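All remarks here apply to the structure that follows.
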Amino acid sequence: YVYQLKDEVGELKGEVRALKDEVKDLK
Amino acid sequence: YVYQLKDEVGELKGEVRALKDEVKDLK
Amino acid sequence: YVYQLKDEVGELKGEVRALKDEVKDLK
């Protein structure tokens with residue numbers, strides 16, 4: 001329940017860093 | 001405090017899946 | 001461990017609101 005969200009927040013976190021990166025190129 | 005972040009991580013999580021999707025079309 | 005993810009979920013959360021915003025202009 002805490003670990004679950006733990007590693008989870010670790011993936012949306014990466015996923016997001018990516019989005020910021022690729023979209024930023026798109027501009 | 002844990003539930004709060006719980007359903008919260010459930011929305012940024014979806015929101016993100018969307019962004020990945022729409023932006024990916026943008027490329 | 002809970003606080004850590006706490007403020008963390010607070011940043012991906014903002015970061016994401018931004019992405020939704022800027023990408024949405026991109027369309």
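All residue names refer to the structure tokens as shown: chains lettered A, B, ... in order, residues numbered from 1 in each chain, ligands numbered from 1 in order.
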Against chain A, which residues of chain C fall within 7 Å? For each one I want the closest pair of atoms and the distance in Å (one decimal), counting only C-alpha atoms, rows by chain and increasing residue number, as JSON lines.
```
{"residue": "C:5", "atom": "CA", "partner": "A:6", "partner_atom": "CA", "distance": 7.0}
{"residue": "C:12", "atom": "CA", "partner": "A:13", "partner_atom": "CA", "distance": 6.1}
{"residue": "C:19", "atom": "CA", "partner": "A:20", "partner_atom": "CA", "distance": 6.6}
{"residue": "C:23", "atom": "CA", "partner": "A:23", "partner_atom": "CA", "distance": 6.8}
{"residue": "C:26", "atom": "CA", "partner": "A:27", "partner_atom": "CA", "distance": 6.9}
```
